[PDB]
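A quick write-up on the structure given underneath.
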Amino acid sequence: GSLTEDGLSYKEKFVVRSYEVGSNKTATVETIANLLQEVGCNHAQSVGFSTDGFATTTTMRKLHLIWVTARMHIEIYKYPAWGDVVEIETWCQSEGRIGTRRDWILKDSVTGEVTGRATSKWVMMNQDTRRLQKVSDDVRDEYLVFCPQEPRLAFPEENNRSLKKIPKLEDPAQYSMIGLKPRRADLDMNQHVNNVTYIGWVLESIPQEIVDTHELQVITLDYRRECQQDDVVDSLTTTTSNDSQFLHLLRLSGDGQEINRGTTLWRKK
Amino acid sequence: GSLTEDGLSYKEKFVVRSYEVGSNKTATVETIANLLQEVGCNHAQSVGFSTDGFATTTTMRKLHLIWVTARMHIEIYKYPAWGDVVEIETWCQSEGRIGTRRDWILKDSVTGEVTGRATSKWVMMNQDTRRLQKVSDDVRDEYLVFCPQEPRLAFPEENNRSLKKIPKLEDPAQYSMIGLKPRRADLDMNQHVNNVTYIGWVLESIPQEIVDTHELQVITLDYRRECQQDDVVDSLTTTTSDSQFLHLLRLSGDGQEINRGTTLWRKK
Ligand SMILES: CC(C)c1nc([C@@H]2CCCN2)no1
């Protein structure tokens, strides 16, 4: 991968691997989410950032502040097949004092066709107290230089899905997958649970008949609290709807504390 | 990747990804095993086994047969760091009509230093009945021309670790991780539990104190029976010693064996 000519976005090509694909020999949404995280990590490394959190600035490190994901929204039009080359472009935008936003565009490397798009909202937190805060002018000034300053949205549409409010699933759920636990492969280099794991866990409670006859078109996921290495999770789903729509909730099996909520939209093959 | 000058082996370079590494920022053994599978698959394609099947030959596709790993033995000397380029060479070889192998040699792309080596034995399964069977003469004939004829072993020593018999762990185990279940990400393109899941499950029962202070040097794993999508597994470990361990994976219900193996670890 490499920064683009203006140095305000980053592109990387990936050849889809045999173990990255599902039953129809196309990349799973977890593979796509892993490639999104990877091109994002390479973008931050290319402009001088370290690995103690995602894109921690000098002033942030001094003040014990970290960026955390608040939401992830992914829309896929075509999943790339085993052996195909996918090109991903990514950039970050400053959203004033509220936080930042990272966007991605996925393209078929042969035809140049846009095959998918994604967005993510990021907020600032004190690494020790876990308390959120507005972004200071000093911090904003340190990272604004690597961002396009004019609006550049992967999702420019007036009332688009990426900004929809997600309600809380009411007991009892229509479907469930109980007692999910992370293994060592589910942790990142900092020993935290990887954000892609939460995607896999949300999808575990979708009935197999839906997975076998439909394709995932959109997934929106709100991240409330991180799951720790020794936590056990329950995945709950309820249908809300050719298209099938679902409301999702991930909570700790012990106390029932919410960790994630989201929605998925599927289309019959 | 590409076939080598003599067309009897295949090489491919890989740049280690951020999510493929552990706490010391070097590739995990599950990442290594996934890269082994990937260079293996590209080698199978480079000689005419299309992406319409998971490395399966024409006769295998006709008879509804799929490949099954019988055993895997991996020795790593140096795990490649995040962002490093590792070059992997692979080849296949028949051992008369009794064994079918896939070997690998891992190297540091810059220096050419051998950083690891692996071997595996294969059987076949009917994809519908799930009955195992040895590689048939008809299937073997479909790739013998792509194999070196004289022996070419990644582990050439007579009486080496890769061919050692593995005993069965006796109850009670010293350590355990119970109730492991596969999720959709743990399945291969044929909807079977993938090869790295059994490796990850064996290692789950190694105490954290060992993982944090030691590095995995050798892993040998025998595959007795596949775990199905709705099965629940118990991972058992007992120290036999460097630190050495005896491993067993069995179904949580009936206690049916699925895997047995050993690991050898070096203090950092
Ligand atoms: C690499 C550079 C453009 C950058 N990105 C970022 C933000 C942090 C949260 C999401 N991305 N800060 O600097």
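The sequence lines fix the lettering, A, B, ..., with proteins before strands; numbering per chain opens at 1. What's counted below: heavy atoms across the whole structure, side chains too, no hydrogens, waters or symmetry copies.
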Donor-acceptor contact present, side-chain A/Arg183 to main-chain B/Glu204, <3.5 Å: no
Under 4.5 Å from any heavy atom of chain B - which part of A/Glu12: neither
Winner by heavy-atom pair count (cut-off under 4.5 Å) against chain A, out of B/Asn34, B/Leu203, B/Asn194: B/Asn34
Residue B/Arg130 excluded, over 12 heavy atoms near CZ under 6.0 Å: yes
Whether over 12 other heavy atoms sit under 6.0 Å from B/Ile178 CD1: no
Atom NZ of B/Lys267 with >12 non-hydrogen neighbours under 6.0 angstrom: no
Check ion pair A/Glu20-B/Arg17 (N to O, under 4.0 angstrom): yes
Minimum-distance pair of heavy atoms, taken over all atoms of B/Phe54 and A/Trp82: CA-CH2, 4.4 Å
Part of B/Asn195 within contact of chain A (heavy atom distance under 4.5 Å): neither
Pair B/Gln191-A/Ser23, side-chain donor/acceptor within less than 3.5 Å: no
Rounded distance (nearest 0.5 Å) linking atom OG of A/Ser18 with atom CG of B/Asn42: 7.0 Å
Residue A/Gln45 versus chain B: region with a heavy atom under 4.5 Å: side chain
Check: A/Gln37 side chain, B/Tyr19 main-chain N or O, donor-acceptor pair, under 3.5 Å: no
side-chain contact (heavy atoms from CB on, under 4.5 Å) between A/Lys181 and B/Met177, intermediate numbers included: CA-CA 11 Å; A/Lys181 304 183 312 188; B/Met177 175 63 81; 3.6 Å; yes
More than 12 heavy atoms of other groups within 6.0 Å of B/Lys62 NZ: no
Between B/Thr51, B/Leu187, B/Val21, B/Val211, the one whose heavy-atom pairs under 4.5 Å with chain A are most numerous: B/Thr51
Donor-acceptor contact below 3.5 Å, side chain B/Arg184 vs main chain A/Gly200: no
Side chain, backbone, both or neither of B/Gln208 within contact of chain A (heavy atoms, under 4.5 Å): both
Which portion of A/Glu38 sits near chain B, non-hydrogen atoms under 4.5 angstrom: both
Residue A/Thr197 versus chain B: region with a heavy atom under 4.5 Å: both
